[PDB]
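Below you will find one chain, with nothing else, as structure tokens; this is the form deposited in one PDB entry, and questions on how it binds or moves follow later.
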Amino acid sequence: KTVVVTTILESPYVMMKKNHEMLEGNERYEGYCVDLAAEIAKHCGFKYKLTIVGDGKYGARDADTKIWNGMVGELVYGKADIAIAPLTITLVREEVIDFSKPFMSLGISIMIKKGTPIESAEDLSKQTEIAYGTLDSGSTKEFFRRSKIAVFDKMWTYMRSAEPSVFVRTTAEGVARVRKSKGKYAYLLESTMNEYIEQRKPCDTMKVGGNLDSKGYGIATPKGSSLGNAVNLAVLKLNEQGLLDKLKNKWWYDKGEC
């Protein structure tokens, strides 16, 4: 059976090839997770189809209904067999889906427009002139809502009540807002994405301060999928062989234009 892979359009993980209208199926896409999907499928011995998550979301549970959206939702409700995307391993997600060992490390980080007078999360929390926000329906927002760490809870208190809204629906929207706002919007997003964007034209953003936490992305499968075990062994093999490092280099740094 063709394994249905859910993923998300997020650079440089999955992107539309420039001539994708003349290509078919998996060939329409390129990027880190496209290359990785090919390798996981080869080492696990399955055929597969890449499908972009319909609602364009990573995955969170609605607080009132308790329905999961995004890629998590496609797995939970049986629409996809596997997710190969920059999907963060979290405890609440682990209650409903399974994750491989992580294939890439990351932490929450701060993106500013160059010259913004902020060097840290503590800096951000202590002022109001520069607004700051995070992506909707993702692990970064949930991180702040739940955190018991003084500085991060102070940030949550501000963000949840800030008007106009400081949350964005896609990473690209957040990045554009940073670039537009003349230094008055900072964006909280994962270090991997922050680092990619810093090396992309117009080279007008940068990552400041240390990461706020330390986690990783995992390949996710529905609970009790037969695929879980083989996928995990494939991730370990590819790490040890050096593939993951090679792919990071290909899509981040060899890709660099600043």
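Numbers follow the displayed sequence, beginning with 1. What we label the rigid core is the largest C-alpha set whose atoms superpose within 1.5 Å from one form to the other.
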query: Higher-scoring stretch by recorded Cα B factor average, 29-37 or 201-209; finding: 201-209
query: 113-121 set against 98-106, stretch whose average Cα temperature factor tops the other in the entry; finding: 113-121
query: Criterion, highest CA B-factor; candidates, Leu87, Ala131, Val151, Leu75; finding: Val151
query: Chain-wide C-alpha B factor ranking for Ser147, given as lowest, middle or highest third; finding: middle
query: For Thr51, the third of its chain into which the C-alpha B factor falls; finding: middle
query: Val235 CA temperature factor, ranked by third within the chain; finding: middle
query: Entry-reported Cα temperature factor of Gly228, expressed as the chain third it lands in; finding: highest
query: Third of the chain's Cα B-factor distribution that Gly45 belongs to, per the entry; finding: highest
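Only in words, not in the display: the form deposited in another entry, which the text now covers.
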property	result
Core-fitted Cα difference of 2 Å or more between the shown form and the other one, single residue among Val96, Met104, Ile89, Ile149	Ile149
Rigid core fit then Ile67 CA moved by 2 Å or more between the shown form and the other one	no
Did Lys207 shift 2 Å or more between the shown form and the other one, C-alpha, core superposed	yes
Core superposition between the shown form and the other one, C-alpha change of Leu189 at least 2 Å	yes
